[PDB]
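K.L.:
Questions regarding the structure given below will be posed in turn.
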Amino acid sequence: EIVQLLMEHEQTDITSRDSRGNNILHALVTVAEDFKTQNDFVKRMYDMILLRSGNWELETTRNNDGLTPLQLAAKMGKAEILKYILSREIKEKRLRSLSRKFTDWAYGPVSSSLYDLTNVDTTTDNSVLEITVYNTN
Amino acid sequence: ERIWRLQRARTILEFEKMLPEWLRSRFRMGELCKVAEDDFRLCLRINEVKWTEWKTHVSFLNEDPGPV
Amino acid sequence: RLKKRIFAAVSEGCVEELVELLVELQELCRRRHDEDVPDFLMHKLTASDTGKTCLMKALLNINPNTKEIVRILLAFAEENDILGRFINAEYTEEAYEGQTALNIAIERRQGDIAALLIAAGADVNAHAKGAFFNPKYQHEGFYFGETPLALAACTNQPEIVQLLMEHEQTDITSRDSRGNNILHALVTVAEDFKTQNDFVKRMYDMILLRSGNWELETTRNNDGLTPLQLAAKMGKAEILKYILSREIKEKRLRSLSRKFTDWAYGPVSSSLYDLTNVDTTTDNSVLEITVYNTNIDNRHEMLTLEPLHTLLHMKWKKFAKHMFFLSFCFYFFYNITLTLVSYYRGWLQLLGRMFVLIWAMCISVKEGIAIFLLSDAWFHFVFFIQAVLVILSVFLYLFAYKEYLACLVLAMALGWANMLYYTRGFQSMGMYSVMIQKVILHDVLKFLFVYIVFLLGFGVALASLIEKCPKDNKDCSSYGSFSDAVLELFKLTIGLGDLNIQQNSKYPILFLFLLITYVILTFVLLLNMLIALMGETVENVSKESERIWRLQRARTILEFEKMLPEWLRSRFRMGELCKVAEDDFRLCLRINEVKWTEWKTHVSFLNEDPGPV
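Protein chains in written order, with PDB author numbering: chain A, 276 to 412; chain B, 689 to 756; chain C, 118 to 462, 480 to 508, 518 to 756.
Okay, here's the thing in structure tokens:
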């Protein structure tokens, strides 16, 4: 409720980067320990905050470490939040762009889902897959 | 298995790092798709069969449901 | 211009008013034409590229106001007398051929629109015969028997199935391009319980009770199979359990049942299963189909069904036990005569050689027929190798060759190893032998490959250290030849060798170090094969052993039944003839059951007097 109130207020800046560089979504990624511990509220607030701002700005920002929240949820061992991010089927036709999982055709039980590979494939530097594989921490 | 598949991923990415740019561009996985009007992006196609949840498919890109 | 406007207004459906004005503009355009008005109106209202109509586009793209849009489209078509030619149109595309608006509305769970279209003169027998609907690969399409009815049945839409069945024009016996009727399609679409939640069984029951006839289960597809045989060839177990066990309560539809209770006095009840196309009397029966295919990997769930299981037990109790023991005795005497010959190598020898040459030809012919007809068949290959070696040895014995004896014992030593085959009879020994087979296939070869490469790696090393010559004494030169060194290492892993510091080498310390490392690596390798064995066997060799053993037993039982002649089959023909319903006499199988949990009044029963007679 307070998040709705803070977001509704005009003076609020959702893109506010703190001293560490982390915006709100980075912070939620740092605070996403597990399911058995938290009962999975961080995922819902990620969805809420990102749908209240229909833009790619927040997931596009890089912290002072040089990482998007997608890359941070991989460098840090946050799996539920990453499963949410990499698999998104948004129903609202207005906010269809923010999705990363798309169903280009389904005739019945069959459905061909269409995932996205912008910063996941190894084309870009320090992608998600390199981050997952090349760390033992 | 959890260590084996992980070593395999490491080796696969190592060999992909060994290659030159043009063979990467040849073996570049994924297909370019128009997800939404004015957006063209790389994507990966995965076919799924689900019997438990029935619904009307409102959200979909291609009107003609088939491979092309 | 106009056409794109119509299709876009139908897809988006922002308002039916801008559709009404647009259709009025199209009426104004059409009023100019005197004749050929329907054809032009369709061509302007239909996409000629794919054969897609505005009604189909409106249906594909669902929105809350679609019912109104559809009504508007239908009333317009009725006004200009194109309704029948308008609804029943279909794609000219190669992949989407036959797809109509009705299949689309059924694909998207629209019950009211389907009723409106059927009432408006829609073709309910529209066959969607295309590459998408009749694919080669499962990921590229969706097969549902190529009809609206079967589509509604497979997608769990029972109200529409009732509507399609109630309509007079509908043909339930409609065979598609593949030959499959609706029940065949339901059999192809019955993956499992955990995946589907068991709706296909209910729709099978519904559709077969709505048509009180044997027609549907009697039809054969172009592959030459009834749905009963197809649910067995394909690995569909829930649907088959339903079919083979049917207790219908309705006295009118009693004939369609296959499970009958001829008497029950209380918890006791003698159920009476049916054996028309299940027993091996008819060609390609259910039981042959279940047993003689490896493609399924579900055959344990298939054969634990009741009539098949009891048939196999009865066929064992009657004749297959005796034939198995008999073949065991023949092979026993055969290999014992072979051993007497090999140990004592004229009259008894000649007679034994004659009997061996006689029986080996029989085994060779059986193995050749079995291989031509074709890890379950390894035994046949090994028997064939044995018979080949034996006949070669008996051939070479007449001539003055020396290598006959090498051909002899290598069969004999193999022959006893084949007696493991006949350990399949005993349950304990059968599971034991199948465990030997699975272990020698899975785990031991891993150990042996690593051990062999370690032998061939350390042996050349230890031999190279002995590059110094024997210097007038071969006994000083141990590990000299590569073969001798490998042999000493094979001694050493067991405990037979003689570990010792070498005197003929230049670096005895390195020799000893390599040899100790060899021992330790062999030890840890043994330890790890033991680990992986213990890890994989739990819940595998306890279950999969029996699941393979009973399956081999079913295969052998049916093999021996195939060996017999017609008259002994007619003698041992299991089952008793019974009158299930007035004018029906059929083979059946009697199974007595005792059930205490469910109490009820036994209304449905054949014999009034509840007792054996």
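Built from N, CA and C at the ideal position, the CB exists for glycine as well.
What are the boundary residues of the alpha helix (DSSP H) that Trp692/B is part of?
P.N.:
Its alpha helix (DSSP H) spans residues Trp692 to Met706.
K.L.:
Considering only their Cβ atoms, is the gap separating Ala231/C from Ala222/C smaller than 7 Å?
P.N.:
Contact flag set, yes.
K.L.:
Rounded to whole angstroms, what's the CA-CA distance from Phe447/C to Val629/C? Just pull it up for me.
P.N.:
When rounded, the distance between both Cα atoms is 42 Å.
K.L.:
For the alpha helix (DSSP H) containing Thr665/C, name the first residue and the last one.
P.N.:
It spans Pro651 to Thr680 - the alpha helix (DSSP H) in which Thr665/C sits, taken as one unbroken run.
K.L.:
With a floor of 4 residues, list each alpha helix (DSSP H) that falls wholly inside the region 320-382 of chain A, ordered by position along the chain.
P.N.:
332-335, 344-350 and 355-361, all fully within the region 320-382 of chain A.
K.L.:
Beta carbons nearer than 8 Å to chain B: which residues of the region 297-329 of chain C have them?
P.N.:
From the region 297-329 of chain C, only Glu308, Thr312, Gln313 and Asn314 have a Cβ closer than 8 Å to chain B.
K.L.:
What would DSSP say about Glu405/A, mapped onto helix, strand or coil?
P.N.:
In this structure, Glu405/A counts as helix in the three-state DSSP scheme.
K.L.:
In whole angstroms, give me the CA-to-CA distance for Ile528/C and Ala494/C.
P.N.:
Computed Cα separation, rounded: 11 Å.
K.L.:
Relative to the alpha-carbon of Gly573/C, which residue among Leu268/C, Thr209/C, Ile691/C and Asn197/C has its alpha-carbon at the smallest distance?
P.N.:
Closest by alpha carbon: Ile691/C.
K.L.:
Are the beta-carbon atoms belonging to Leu172/C and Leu190/C less than 7 Å from one another?
P.N.:
The answer is yes: Cβ separation under 7 Å.
K.L.:
Can you give me, in chain order, the residues of the region 215-229 of chain C that have a beta carbon less than 8 Å from any beta carbon in chain A?
P.N.:
Listed by position, the residues of the region 215-229 of chain C near chain A (Cβ gap below 8 Å) are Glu224.
K.L.:
Does the beta carbon of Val746/B sit closer than 7 Å to a beta carbon anywhere in chain C?
P.N.:
Closer than 7 Å to some Cβ of chain C, the Cβ of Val746/B qualifies, so yes.
K.L.:
Could you give the distance in angstroms between the alpha-carbon of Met431/C and the alpha-carbon of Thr378/C?
P.N.:
Each residue's Cα considered, the two are about 20 Å apart.
K.L.:
Is there a C-beta anywhere in chain C that falls below 7 Å from the one on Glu751/B?
P.N.:
True, the Cβ-Cβ gap to chain C drops below 7 Å.
K.L.:
Just to make sure I have the definition right: I need the residues of chain B whose C-beta is within less than 7 Å of the C-beta of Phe124/C. Which are they?
P.N.:
Going along chain B, no residue has its Cβ under 7 Å from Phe124/C, so there is no contact; the nearest lies around 10 Å.
K.L.:
Cβ closer than 8 Å: which chain A residues qualify as neighbours of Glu736/B?
P.N.:
Under the 8 Å cutoff, chain A gives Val385, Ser386, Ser387 and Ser388.
K.L.:
Would you list, in chain order, the members of the region 174-191 of chain C that have their beta-carbon closer than 9 Å to a beta-carbon of chain B?
P.N.:
So the close ones are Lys174, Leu177, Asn178, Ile179 and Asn180.
K.L.:
Using the C-alpha atoms, what's the distance from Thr427/C back to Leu732/C?
P.N.:
Between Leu732/C and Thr427/C, the C-alpha separation is close to 9 Å.
K.L.:
Please give me, in chain order, every unbroken run of the alpha helix (DSSP H) with length at least 4 that falls completely inside the region 527-591 of chain C.
P.N.:
Whole alpha helix (DSSP H) segments, 4+ residues: 547-561 and 570-585.
K.L.:
From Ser648/C to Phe601/C, what does the alpha carbon distance come to, in whole angstroms?
P.N.:
Computed Cα separation, rounded: 15 Å.
K.L.:
Of all the options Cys271/C, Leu162/C and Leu563/C, which has the alpha carbon lying nearest to the alpha carbon of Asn314/C?
P.N.:
Measuring from the Cα of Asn314/C, the nearest candidate turns out to be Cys271/C.
K.L.:
Looking at C-alpha atoms only, which residue of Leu325/C, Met717/C and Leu342/C is the closest neighbour of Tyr359/C?
P.N.:
The option with the nearest alpha carbon to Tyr359/C is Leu325/C.
K.L.:
Quick check on this structure: which residue in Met555/C, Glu196/C, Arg225/C and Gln216/C has the alpha carbon closest to the alpha carbon of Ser747/B?
P.N.:
Of the listed residues, the one whose Cα sits closest to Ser747/B is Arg225/C.
K.L.:
What does the alpha-carbon distance come out to for the pair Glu195/C and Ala381/A?
P.N.:
Roughly 32 Å between the two C-alpha positions.
K.L.:
Could you give the residue range of the beta strand (DSSP E) that holds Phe506/C?
P.N.:
It is not in any beta strand (DSSP E) - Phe506/C instead sits in the alpha helix (DSSP H) that spans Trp481 to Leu507.
K.L.:
Between the Cα of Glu334/C and the Cα atoms of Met488/C, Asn297/C and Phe316/C, which residue gives the shortest distance?
P.N.:
Closest by alpha carbon: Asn297/C.
K.L.:
Kindly list, in the order they appear in chain A, the residues whose Cβ is closer than 7 Å to that of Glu709/B.
P.N.:
Neighbours of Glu709/B on chain A: none; closest Cβ ~10 Å, over 7 Å.
K.L.:
Along the region 258-291 of chain C, what residues have a CB closer than 9 Å to any CB found in chain B?
P.N.:
Within the region 258-291 of chain C, the qualifying residues are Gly258, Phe259, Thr272, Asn273 and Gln274.
K.L.:
By alpha-carbon positions, which one of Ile406/A, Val385/A, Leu300/A and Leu392/A ends up nearest to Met323/A?
P.N.:
With distances taken between Cα atoms, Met323/A lies closest to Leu300/A.
K.L.:
Mapping DSSP to helix, strand and coil, what is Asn452/C?
P.N.:
If DSSP states are grouped into helix, strand and coil, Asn452/C belongs with the helices.
K.L.:
How would you list, in chain order, the residues of chain A whose beta-carbon sits under 7 Å from the beta-carbon of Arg733/B?
P.N.:
Per Cβ cutoff of 7 Å: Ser387 and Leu389.
K.L.:
Look at the Cβ atom of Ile356/C, then the Cβ atom of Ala348/C, and state whether they are nearer than 7 Å.
P.N.:
Result yes, Cβ atoms of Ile356/C and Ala348/C sit closer than 7 Å.
K.L.:
So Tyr382/A contacts chain C; which residues on that side make the cut at Cβ distance below 7 Å?
P.N.:
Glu224 and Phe259, listed in chain order.
K.L.:
Quick one: is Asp293/A near chain B, going by C-beta distance under 7 Å?
P.N.:
It does not; no Cβ of chain B falls within 7 Å.
K.L.:
Nearest to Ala302/C by CA position, among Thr287/C, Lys318/C and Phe310/C, is which residue?
P.N.:
Minimum Cα distance to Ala302/C is reached at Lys318/C.
K.L.:
Would you report the Cα separation of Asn330/A and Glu367/A, rounded to the nearest angstrom?
P.N.:
Near 14 Å, if we compare the C-alpha coordinates of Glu367/A and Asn330/A.
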